[PDB]
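Content type compact mmCIF, C-alpha atoms, from the file my_file_6.txt:
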# COMPACT_ATOMS: atom_id res chain seq x y z
CA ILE X 1 235.87 113.83 -95.05
CA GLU X 2 236.48 115.70 -98.29
CA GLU X 3 239.88 117.01 -97.22
CA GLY X 4 242.14 118.55 -99.84
CA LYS X 5 239.37 119.40 -102.29
CA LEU X 6 236.21 121.49 -102.48
CA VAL X 7 232.63 120.30 -102.79
CA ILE X 8 229.98 122.89 -103.54
CA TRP X 9 226.20 122.69 -103.48
CA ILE X 10 224.06 125.03 -105.55
CA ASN X 11 220.49 124.70 -106.86
CA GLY X 12 219.92 123.15 -110.28
CA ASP X 13 218.25 126.35 -111.58
CA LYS X 14 221.55 128.26 -111.29
CA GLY X 15 224.65 128.48 -113.41
CA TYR X 16 226.42 125.50 -111.89
CA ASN X 17 228.21 124.82 -115.22
CA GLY X 18 229.66 128.33 -115.08
CA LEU X 19 230.55 127.78 -111.42
CA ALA X 20 232.22 124.46 -112.42
CA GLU X 21 234.30 126.56 -114.90
CA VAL X 22 235.57 128.92 -112.19
CA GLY X 23 236.52 125.71 -110.44
CA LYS X 24 238.63 124.41 -113.33
CA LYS X 25 240.54 127.70 -113.27
CA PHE X 26 241.05 127.26 -109.49
CA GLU X 27 242.26 123.68 -110.00
CA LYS X 28 244.76 125.09 -112.51
CA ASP X 29 246.69 127.40 -110.20
CA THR X 30 246.24 125.16 -107.14
CA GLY X 31 245.80 121.52 -108.09
CA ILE X 32 242.78 121.42 -105.81
CA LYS X 33 239.80 119.86 -107.53
CA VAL X 34 236.43 121.61 -107.04
CA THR X 35 233.21 119.54 -107.28
CA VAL X 36 229.89 121.19 -108.06
CA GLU X 37 226.66 119.35 -107.38
CA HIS X 38 223.01 120.37 -107.30
CA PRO X 39 221.15 117.82 -105.15
CA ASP X 40 217.38 117.79 -104.75
CA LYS X 41 216.02 119.87 -101.86
CA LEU X 42 219.65 120.58 -100.89
CA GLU X 43 218.47 123.26 -98.45
CA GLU X 44 216.63 120.49 -96.59
CA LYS X 45 219.46 118.04 -96.93
CA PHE X 46 222.10 120.52 -95.74
CA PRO X 47 220.91 120.76 -92.12
CA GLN X 48 220.81 116.95 -91.89
CA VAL X 49 224.28 116.12 -93.22
CA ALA X 50 225.99 119.16 -91.67
CA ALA X 51 224.60 118.26 -88.21
CA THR X 52 226.69 115.07 -88.52
CA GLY X 53 229.82 116.87 -89.80
CA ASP X 54 229.11 115.89 -93.42
CA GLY X 55 227.94 117.78 -96.51
CA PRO X 56 229.68 120.22 -98.87
CA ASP X 57 232.39 122.70 -97.95
CA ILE X 58 230.25 125.43 -99.41
CA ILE X 59 226.55 125.94 -99.94
CA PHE X 60 224.73 128.53 -102.06
CA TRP X 61 221.19 129.61 -101.06
CA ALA X 62 219.13 132.72 -100.46
CA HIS X 63 220.31 134.42 -97.24
CA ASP X 64 217.06 134.01 -95.31
CA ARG X 65 217.66 130.30 -94.81
CA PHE X 66 221.17 130.97 -93.40
CA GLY X 67 219.72 132.32 -90.15
CA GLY X 68 218.39 128.87 -89.13
CA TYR X 69 221.63 127.19 -90.27
CA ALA X 70 223.77 129.65 -88.25
CA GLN X 71 221.52 129.16 -85.22
CA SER X 72 222.47 125.47 -85.19
CA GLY X 73 226.13 126.38 -85.71
CA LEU X 74 226.34 124.91 -89.20
CA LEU X 75 228.21 127.84 -90.74
CA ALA X 76 231.73 129.12 -90.26
CA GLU X 77 232.19 132.73 -89.35
CA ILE X 78 233.79 134.65 -92.22
CA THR X 79 236.32 137.40 -92.06
CA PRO X 80 236.80 139.29 -95.29
CA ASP X 81 238.99 142.33 -94.60
CA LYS X 82 237.78 145.91 -94.99
CA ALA X 83 239.16 146.09 -98.49
CA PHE X 84 237.30 143.04 -99.72
CA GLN X 85 234.18 144.36 -98.02
CA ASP X 86 234.29 147.63 -99.95
CA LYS X 87 234.07 145.71 -103.25
CA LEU X 88 230.38 144.90 -102.58
CA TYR X 89 227.30 147.07 -101.94
CA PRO X 90 227.20 147.79 -98.20
CA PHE X 91 223.55 146.81 -97.84
CA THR X 92 224.41 143.31 -99.04
CA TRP X 93 226.59 142.66 -95.96
CA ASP X 94 223.50 143.24 -93.78
CA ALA X 95 221.84 140.17 -95.28
CA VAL X 96 224.56 137.75 -94.19
CA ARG X 97 224.95 138.91 -90.57
CA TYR X 98 223.58 136.56 -87.88
CA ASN X 99 223.59 138.33 -84.53
CA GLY X 100 226.53 140.47 -85.50
CA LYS X 101 228.60 137.64 -87.00
CA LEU X 102 229.20 137.51 -90.79
CA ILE X 103 228.14 134.00 -91.88
CA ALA X 104 228.23 134.14 -95.70
CA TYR X 105 229.19 136.13 -98.80
CA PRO X 106 226.52 137.67 -101.03
CA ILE X 107 226.51 136.99 -104.75
CA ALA X 108 223.24 137.93 -106.36
CA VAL X 109 220.27 140.16 -105.64
CA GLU X 110 216.67 139.93 -106.79
CA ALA X 111 213.80 142.23 -105.99
CA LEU X 112 210.29 143.01 -107.12
CA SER X 113 209.92 145.55 -109.88
CA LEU X 114 207.20 147.51 -111.73
CA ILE X 115 206.77 145.79 -115.16
CA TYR X 116 204.70 147.76 -117.74
CA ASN X 117 203.42 147.45 -121.31
CA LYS X 118 205.19 150.15 -123.37
CA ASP X 119 202.43 149.97 -125.99
CA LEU X 120 199.59 150.81 -123.50
CA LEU X 121 201.54 153.09 -121.24
CA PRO X 122 204.05 155.63 -122.56
CA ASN X 123 205.52 156.44 -119.19
CA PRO X 124 204.92 154.39 -116.06
CA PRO X 125 203.27 156.19 -113.14
CA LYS X 126 205.67 157.58 -110.60
CA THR X 127 203.10 157.31 -107.83
CA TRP X 128 200.64 154.80 -106.43
CA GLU X 129 198.18 157.70 -105.86
CA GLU X 130 197.70 158.16 -109.59
CA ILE X 131 196.78 154.54 -110.34
CA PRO X 132 193.03 154.81 -109.70
CA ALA X 133 192.67 157.65 -112.30
CA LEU X 134 194.84 155.78 -114.80
CA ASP X 135 192.71 152.68 -114.33
CA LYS X 136 189.53 154.68 -115.20
CA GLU X 137 191.24 155.96 -118.40
CA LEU X 138 192.36 152.48 -119.40
CA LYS X 139 188.96 150.98 -118.58
CA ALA X 140 187.53 153.33 -121.24
CA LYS X 141 189.35 151.05 -123.76
CA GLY X 142 188.65 147.74 -122.05
CA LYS X 143 192.10 147.57 -120.35
CA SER X 144 193.05 147.80 -116.63
CA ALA X 145 196.00 149.71 -115.13
CA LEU X 146 197.55 147.05 -112.83
CA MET X 147 197.16 143.44 -111.78
CA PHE X 148 199.46 141.61 -109.30
CA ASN X 149 199.32 138.75 -106.78
CA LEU X 150 197.22 139.97 -103.85
CA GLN X 151 197.27 136.61 -102.03
CA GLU X 152 200.84 136.54 -100.74
CA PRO X 153 202.33 139.22 -98.54
CA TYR X 154 205.67 139.03 -100.42
CA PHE X 155 203.80 140.85 -103.24
CA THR X 156 201.77 143.34 -101.15
CA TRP X 157 204.52 144.30 -98.72
CA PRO X 158 206.11 146.95 -101.00
CA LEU X 159 202.99 149.13 -100.67
CA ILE X 160 202.21 148.29 -97.01
CA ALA X 161 205.78 149.11 -95.93
CA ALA X 162 206.28 152.24 -98.11
CA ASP X 163 205.11 154.77 -95.53
CA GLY X 164 206.69 153.23 -92.41
CA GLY X 165 206.06 149.47 -92.07
CA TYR X 166 208.86 146.96 -91.38
CA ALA X 167 208.94 143.31 -90.21
CA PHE X 168 211.52 143.65 -87.38
CA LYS X 169 213.60 146.66 -86.40
CA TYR X 170 217.22 146.13 -87.46
CA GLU X 171 220.01 148.30 -86.11
CA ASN X 172 223.32 146.48 -85.60
CA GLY X 173 223.60 143.18 -87.50
CA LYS X 174 220.82 142.32 -85.09
CA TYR X 175 217.06 142.26 -85.24
CA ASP X 176 214.98 143.43 -82.25
CA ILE X 177 212.16 140.86 -82.27
CA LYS X 178 209.94 142.95 -80.02
CA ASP X 179 210.13 145.85 -82.47
CA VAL X 180 207.59 144.83 -85.12
CA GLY X 181 206.17 147.30 -87.64
CA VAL X 182 202.94 145.85 -89.03
CA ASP X 183 200.56 147.89 -86.89
CA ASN X 184 202.00 151.38 -87.24
CA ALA X 185 200.31 154.25 -89.06
CA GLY X 186 202.71 153.58 -91.93
CA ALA X 187 201.46 150.05 -92.60
CA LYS X 188 197.95 151.24 -91.83
CA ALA X 189 198.17 153.96 -94.52
CA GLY X 190 199.39 151.38 -97.07
CA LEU X 191 196.89 148.58 -96.47
CA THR X 192 194.10 151.14 -96.44
CA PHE X 193 195.21 152.36 -99.89
CA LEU X 194 195.23 148.74 -101.08
CA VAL X 195 191.79 148.00 -99.67
CA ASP X 196 190.39 151.14 -101.33
CA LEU X 197 191.70 149.78 -104.64
CA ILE X 198 189.70 146.61 -104.33
CA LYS X 199 186.47 148.18 -103.09
CA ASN X 200 186.64 150.87 -105.80
CA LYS X 201 186.97 148.00 -108.21
CA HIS X 202 190.35 149.03 -109.61
CA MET X 203 191.47 145.59 -108.42
CA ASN X 204 189.81 142.20 -107.65
CA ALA X 205 190.44 140.58 -104.28
CA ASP X 206 190.99 137.18 -105.89
CA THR X 207 193.91 138.08 -108.16
CA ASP X 208 196.70 135.53 -107.64
CA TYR X 209 200.05 134.84 -109.33
CA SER X 210 198.62 133.00 -112.29
CA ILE X 211 195.81 135.44 -112.99
CA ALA X 212 197.96 138.60 -112.98
CA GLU X 213 200.63 136.91 -115.06
CA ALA X 214 198.25 135.72 -117.78
CA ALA X 215 196.60 139.14 -117.81
CA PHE X 216 199.86 141.01 -118.37
CA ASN X 217 201.01 138.46 -120.96
CA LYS X 218 197.74 138.75 -122.89
CA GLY X 219 198.11 142.53 -122.99
CA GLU X 220 194.90 142.93 -120.97
CA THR X 221 196.50 144.95 -118.16
CA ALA X 222 199.09 147.73 -118.42
CA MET X 223 201.28 146.85 -115.42
CA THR X 224 202.29 144.05 -113.10
CA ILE X 225 204.62 143.61 -110.09
CA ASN X 226 207.01 140.71 -110.49
CA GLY X 227 210.64 139.64 -110.20
CA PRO X 228 213.45 138.56 -112.51
CA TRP X 229 212.20 135.02 -112.60
CA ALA X 230 209.18 136.22 -114.63
CA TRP X 231 211.07 137.83 -117.52
CA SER X 232 211.45 134.67 -119.64
CA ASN X 233 207.63 134.30 -119.73
CA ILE X 234 207.04 137.88 -120.92
CA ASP X 235 209.65 137.56 -123.68
CA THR X 236 207.69 134.60 -125.05
CA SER X 237 204.46 136.56 -124.84
CA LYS X 238 205.81 139.14 -127.29
CA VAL X 239 204.66 142.06 -125.12
CA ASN X 240 206.84 145.17 -125.49
CA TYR X 241 207.67 145.56 -121.82
CA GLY X 242 209.87 147.73 -119.59
CA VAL X 243 211.07 147.18 -115.97
CA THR X 244 211.35 150.20 -113.72
CA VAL X 245 211.36 151.56 -110.16
CA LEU X 246 208.18 150.80 -108.15
CA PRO X 247 205.86 153.74 -107.53
CA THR X 248 206.15 155.93 -104.41
CA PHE X 249 203.39 156.15 -101.77
CA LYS X 250 202.96 159.31 -99.67
CA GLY X 251 206.11 160.65 -101.22
CA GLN X 252 208.12 157.79 -99.76
CA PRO X 253 209.69 154.93 -101.73
CA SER X 254 208.29 151.45 -101.75
CA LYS X 255 210.23 149.07 -99.56
CA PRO X 256 209.98 145.65 -101.19
CA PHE X 257 211.47 142.54 -99.73
CA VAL X 258 214.86 141.79 -101.19
CA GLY X 259 216.20 138.30 -101.50
CA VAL X 260 219.95 138.00 -101.61
CA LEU X 261 221.67 134.89 -102.77
CA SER X 262 224.45 134.09 -100.37
CA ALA X 263 227.09 131.43 -100.11
CA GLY X 264 228.42 129.80 -96.88
CA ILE X 265 231.16 127.64 -95.56
CA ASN X 266 230.34 124.44 -93.62
CA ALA X 267 231.56 124.85 -90.01
CA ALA X 268 232.59 121.17 -90.32
CA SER X 269 234.83 121.66 -93.36
CA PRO X 270 238.56 121.06 -93.03
CA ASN X 271 239.05 123.35 -96.06
CA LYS X 272 237.94 126.79 -94.91
CA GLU X 273 241.05 128.61 -96.12
CA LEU X 274 240.65 127.01 -99.53
CA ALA X 275 236.95 128.04 -99.57
CA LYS X 276 237.63 131.65 -98.69
CA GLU X 277 240.32 131.85 -101.34
CA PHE X 278 238.07 130.32 -104.01
CA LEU X 279 235.22 132.62 -103.01
CA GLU X 280 237.11 135.87 -102.55
CA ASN X 281 239.64 135.62 -105.38
CA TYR X 282 238.08 133.43 -108.05
CA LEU X 283 234.34 133.68 -107.78
CA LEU X 284 233.79 137.24 -106.54
CA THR X 285 235.61 138.75 -109.48
CA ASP X 286 234.35 140.15 -112.81
CA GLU X 287 235.56 136.97 -114.51
CA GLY X 288 234.05 134.59 -111.95
CA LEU X 289 230.55 136.21 -112.00
CA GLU X 290 230.81 136.36 -115.78
CA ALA X 291 231.46 132.63 -116.28
CA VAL X 292 228.50 131.85 -114.01
CA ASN X 293 226.21 134.51 -115.56
CA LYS X 294 227.01 133.14 -119.05
CA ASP X 295 225.58 129.78 -117.96
CA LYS X 296 222.48 131.24 -116.22
CA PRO X 297 221.89 134.93 -115.43
CA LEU X 298 222.35 135.99 -111.82
CA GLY X 299 220.30 139.17 -112.13
CA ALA X 300 221.81 142.08 -110.20
CA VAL X 301 225.08 141.15 -108.42
CA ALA X 302 226.64 142.29 -105.15
CA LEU X 303 230.09 143.06 -106.66
CA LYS X 304 230.00 146.76 -107.61
CA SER X 305 232.38 146.44 -110.57
CA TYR X 306 230.47 143.73 -112.40
CA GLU X 307 227.09 145.20 -111.46
CA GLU X 308 228.14 148.36 -113.32
CA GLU X 309 228.61 146.27 -116.47
CA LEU X 310 225.33 144.43 -115.99
CA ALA X 311 223.38 147.60 -115.31
CA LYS X 312 223.51 148.45 -119.09
CA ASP X 313 220.40 146.33 -119.14
CA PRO X 314 217.81 148.59 -117.60
CA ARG X 315 215.80 145.84 -116.06
CA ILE X 316 218.49 144.61 -113.77
CA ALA X 317 219.45 148.16 -112.91
CA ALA X 318 215.88 148.82 -111.93
CA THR X 319 215.86 145.71 -109.83
CA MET X 320 219.08 146.76 -108.19
CA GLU X 321 217.69 150.19 -107.49
CA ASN X 322 214.63 148.67 -105.93
CA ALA X 323 216.85 146.34 -103.98
CA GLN X 324 218.86 149.18 -102.58
CA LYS X 325 215.73 150.84 -101.37
CA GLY X 326 214.36 147.51 -100.39
CA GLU X 327 214.21 145.90 -96.98
CA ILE X 328 216.65 143.21 -96.03
CA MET X 329 214.67 140.11 -95.32
CA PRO X 330 214.85 138.99 -91.68
CA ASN X 331 216.88 135.84 -91.33
CA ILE X 332 215.28 135.14 -88.05
CA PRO X 333 213.05 132.22 -87.01
CA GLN X 334 210.27 134.60 -85.90
CA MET X 335 209.86 135.45 -89.63
CA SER X 336 207.64 132.38 -89.90
CA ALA X 337 205.16 134.08 -87.59
CA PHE X 338 205.25 137.19 -89.79
CA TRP X 339 204.41 135.27 -92.97
CA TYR X 340 201.29 133.59 -91.57
CA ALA X 341 200.09 136.61 -89.59
CA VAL X 342 200.47 139.25 -92.31
CA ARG X 343 199.09 136.77 -94.88
CA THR X 344 195.93 136.53 -92.80
CA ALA X 345 195.69 140.25 -92.05
CA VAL X 346 195.69 141.15 -95.74
CA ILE X 347 193.19 138.55 -96.96
CA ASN X 348 190.92 139.57 -94.06
CA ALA X 349 191.10 143.30 -94.63
CA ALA X 350 190.67 142.72 -98.38
CA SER X 351 187.60 140.53 -98.07
CA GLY X 352 185.90 142.87 -95.55
CA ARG X 353 186.08 140.10 -92.91
CA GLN X 354 187.95 142.61 -90.67
CA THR X 355 188.85 146.32 -90.74
CA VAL X 356 192.40 147.58 -91.41
CA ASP X 357 192.87 148.70 -87.83
CA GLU X 358 191.65 145.28 -86.62
CA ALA X 359 193.44 143.10 -89.14
CA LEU X 360 196.81 144.70 -88.39
CA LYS X 361 196.32 144.98 -84.63
CA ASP X 362 195.79 141.18 -84.59
CA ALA X 363 198.80 140.37 -86.78
CA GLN X 364 201.03 142.61 -84.64
CA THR X 365 199.75 140.62 -81.65
CA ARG X 366 200.55 137.19 -83.09
CA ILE X 367 204.11 138.22 -84.08
CA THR X 368 205.18 139.76 -80.75
CA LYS X 369 203.45 137.00 -78.79
Please render this file's structure as structure tokens.
Amino acid sequence: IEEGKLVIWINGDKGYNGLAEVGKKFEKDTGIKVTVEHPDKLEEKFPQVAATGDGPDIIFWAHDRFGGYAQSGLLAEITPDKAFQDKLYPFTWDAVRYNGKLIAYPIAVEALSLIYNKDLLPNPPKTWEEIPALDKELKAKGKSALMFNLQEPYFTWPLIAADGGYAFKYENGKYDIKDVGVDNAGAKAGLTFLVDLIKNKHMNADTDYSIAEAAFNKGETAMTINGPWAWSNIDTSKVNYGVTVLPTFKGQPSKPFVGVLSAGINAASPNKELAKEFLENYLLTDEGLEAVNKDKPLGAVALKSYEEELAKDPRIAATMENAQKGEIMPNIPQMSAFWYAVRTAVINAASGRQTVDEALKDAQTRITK
């Protein structure tokens, strides 16, 4: 049962070698050995082993998954003091709250961004309203203004939400599941703008992840909407790109979904005090984030001090800025309803199969059912 050591689980696509290095430092001033592993589908495996009082002491995963884990009582409640709390961006603490209780620490933040071709576009548009006009100017040269994944709501939400949409009303570490914002005027304004893009041929209704990505990378389109995971692909492409704040819509900022990497302690661990000490005083320090980051970049981080160092790269700063304006993803189980419903509403409104008013009225209905 572990007991006198620390076992940590983190995905293979993360800086687990850097995390193993923070661990060697911990083992130095403590004698406690830390063990880092990155098992396959660990987020699937966690719930299974933890339900039987097994698994790692600590688990790293995006915050959204923590809601389901917490529901089943798999995570220990955390109690950083005020002082520790002030070391991180306030908005990040909202991501790791499960019905008022703090159930994890936030490490890393990723958010969608406006990516643009500096050779085709001098200055990115500040507004969504000016894209149509820009597209007609670019079309004059055989280029298009923007191409992004229209198929998944994760990608279209920034625009839909801009003027007032939200998944679930949040107001106290708690989500009101009967306060859904997919059918308001806000969301209606947004989806309508999107639909108008497609019918006015500034955008194709069948643009997916692959298509927009290839298009941007081939220098065929001036802009794209993507996240930090896409950067390595653009580099390769040799496109002279920039990352910036998403455009505003109706004078209001876009409200993209933000994913926040978070780390939690197994409710079944006998080592919670060791975990909290490792996490608060070794890992969540400039030197801890740095050793990890050196192994594999974290993107924007929750620790204010280190983020300020990282922000010298404009891309991550832009992502952070978007994140701050962004909407904390619901952790809640009802979020599954939202994905399917809103997915359907958009493809339907986009393909003419249903009107905007209709498409959203329906989705609203299936979520609050």
Calculated over only C-alpha atoms, which of the candidates X:46, X:306, X:84, X:89 has the smallest distance to residue 69 in chain X? X:46
Let me make sure I understand: among X:82, X:178, X:126, X:294, which one has the smallest atom-to-atom distance to residue 368 in chain X if we use all atoms listed in the file? X:178
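Those DNA, RNA and protein residues that approach the point (214.7, 139.0, -99.1) to within 6 Å, considering all atoms listed in the file, are residues 257, 258, 259, 260, 328 and 329 of chain X.
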I'd like to know which of X:256, X:330, X:4, X:53 is closest to residue 30 in chain X, using all atoms listed in the file.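 Nearest to residue 30 in chain X: X:4.
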Using all atoms listed in the file, can you tell me which of X:160, X:279, X:347, X:332 comes closest to residue 97 in chain X? X:332
Please measure the separation of CA of residue 280 in chain X and CA of residue 66 in chain X, giving the value in Å to one decimal. 19.0 Å
From the list X:103, X:268, X:42, X:367, which residue is nearest residue 68 in chain X when using all atoms listed in the file?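 Residue with the minimum atom-to-atom distance to residue 68 in chain X: X:103.
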Env of range 137-149 of chain X: 6 Å cut, atoms = all atoms listed in the file, seq-sep filter 3 positions within chain, self excluded. Answer as a count of residues only. 11
Near residue 295 in chain X, counting all atoms listed in the file, which residues have an atom at most 9 Å away, once you skip same-chain residues fewer than 4 positions from it, shown as a PyMOL selection string? chain X and resi 14-19+290-291
Applying 10 Å and all atoms listed in the file, which residues near residue 79 in chain X remain after dropping the ones on its own chain fewer than 2 positions away? List them as a ChimeraX atom specification. /X:76-77,81-82,84-85,101-105,276
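Distances to residue 363 in chain X were evaluated for X:243, X:187, X:1, X:261 using all atoms listed in the file, and the minimum falls at X:187.
For range 285-288 of chain X, the residues within 10 Å (counting all atoms listed in the file, excluding itself and residues fewer than 4 positions away along the chain) are residues 18, 19, 21, 22, 23, 25, 87, 278, 279, 280, 281, 292, 293, 303, 304, 305, 306, 307 and 309 of chain X.
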Computed gap from CA of residue 320 in chain X to CA of residue 244 in chain X is 10.1 Å
Could you jot down the CA of residue 214 in chain X to CA of residue 133 in chain X separation for me, Å, one decimal place?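 Answer for the CA of residue 214 in chain X to CA of residue 133 in chain X separation: 23.3 Å.
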With the input short on atoms, add N, CA, C and O atoms back to range 315-337 of chain X and write it as a CSV table (one decimal), in the coordinates of the input.
chain,number,residue,atom,x,y,z
X,315,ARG,N,216.7,146.6,-116.9
X,315,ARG,CA,215.8,145.8,-116.1
X,315,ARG,C,216.5,145.5,-114.8
X,315,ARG,O,216.0,145.7,-113.7
X,316,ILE,N,217.8,145.1,-114.9
X,316,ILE,CA,218.5,144.6,-113.8
X,316,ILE,C,218.8,145.8,-112.9
X,316,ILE,O,218.9,145.7,-111.7
X,317,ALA,N,219.1,147.0,-113.6
X,317,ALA,CA,219.4,148.2,-112.9
X,317,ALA,C,218.3,148.6,-112.1
X,317,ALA,O,218.4,149.0,-110.9
X,318,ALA,N,217.1,148.4,-112.6
X,318,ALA,CA,215.9,148.8,-111.9
X,318,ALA,C,215.7,148.0,-110.7
X,318,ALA,O,215.3,148.4,-109.7
X,319,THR,N,216.0,146.6,-110.9
X,319,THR,CA,215.9,145.7,-109.8
X,319,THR,C,216.8,146.1,-108.8
X,319,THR,O,216.5,146.0,-107.6
X,320,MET,N,218.1,146.5,-109.2
X,320,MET,CA,219.1,146.8,-108.2
X,320,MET,C,218.6,148.0,-107.4
X,320,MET,O,218.9,148.1,-106.2
X,321,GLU,N,218.0,148.9,-108.1
X,321,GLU,CA,217.7,150.2,-107.5
X,321,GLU,C,216.6,149.9,-106.5
X,321,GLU,O,216.6,150.5,-105.4
X,322,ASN,N,215.7,149.0,-106.8
X,322,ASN,CA,214.6,148.7,-105.9
X,322,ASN,C,215.2,148.0,-104.8
X,322,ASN,O,214.8,148.1,-103.6
X,323,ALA,N,216.3,147.2,-105.0
X,323,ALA,CA,216.8,146.3,-104.0
X,323,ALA,C,217.5,147.2,-103.0
X,323,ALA,O,217.4,147.0,-101.8
X,324,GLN,N,218.1,148.3,-103.5
X,324,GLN,CA,218.9,149.2,-102.6
X,324,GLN,C,217.9,149.8,-101.7
X,324,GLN,O,218.2,150.1,-100.5
X,325,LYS,N,216.7,150.1,-102.2
X,325,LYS,CA,215.7,150.8,-101.4
X,325,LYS,C,215.0,149.8,-100.6
X,325,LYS,O,214.2,150.2,-99.7
X,326,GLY,N,215.2,148.5,-100.8
X,326,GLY,CA,214.4,147.5,-100.4
X,326,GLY,C,214.7,147.2,-99.0
X,326,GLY,O,215.6,147.8,-98.4
X,327,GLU,N,214.0,146.2,-98.4
X,327,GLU,CA,214.2,145.9,-97.0
X,327,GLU,C,214.9,144.6,-96.9
X,327,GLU,O,214.4,143.6,-97.6
X,328,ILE,N,215.9,144.5,-96.1
X,328,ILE,CA,216.6,143.2,-96.0
X,328,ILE,C,215.8,142.3,-95.3
X,328,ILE,O,215.2,142.6,-94.3
X,329,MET,N,215.6,141.0,-95.9
X,329,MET,CA,214.7,140.1,-95.3
X,329,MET,C,215.3,139.6,-94.0
X,329,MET,O,216.4,139.3,-93.9
X,330,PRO,N,214.4,139.6,-92.9
X,330,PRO,CA,214.8,139.0,-91.7
X,330,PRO,C,215.3,137.6,-91.9
X,330,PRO,O,214.6,136.8,-92.6
X,331,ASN,N,216.3,137.2,-91.2
X,331,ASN,CA,216.9,135.8,-91.3
X,331,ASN,C,216.3,135.0,-90.2
X,331,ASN,O,216.6,133.8,-90.1
X,332,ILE,N,215.4,135.6,-89.4
X,332,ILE,CA,215.3,135.1,-88.0
X,332,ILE,C,214.2,134.1,-88.1
X,332,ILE,O,213.4,134.1,-89.0
X,333,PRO,N,214.1,133.2,-87.1
X,333,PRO,CA,213.0,132.2,-87.0
X,333,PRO,C,211.7,132.8,-86.8
X,333,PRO,O,210.7,132.3,-87.3
X,334,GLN,N,211.5,133.9,-86.1
X,334,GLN,CA,210.3,134.6,-85.9
X,334,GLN,C,209.6,135.1,-87.2
X,334,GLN,O,208.5,135.6,-87.2
X,335,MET,N,210.3,135.0,-88.3
X,335,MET,CA,209.9,135.4,-89.6
X,335,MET,C,208.7,134.5,-90.0
X,335,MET,O,207.9,134.9,-90.8
X,336,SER,N,208.7,133.3,-89.5
X,336,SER,CA,207.6,132.4,-89.9
X,336,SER,C,206.3,132.9,-89.4
X,336,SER,O,205.2,132.7,-90.0
X,337,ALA,N,206.3,133.5,-88.2
X,337,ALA,CA,205.2,134.1,-87.6
X,337,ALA,C,204.6,135.2,-88.5
X,337,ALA,O,203.4,135.4,-88.6
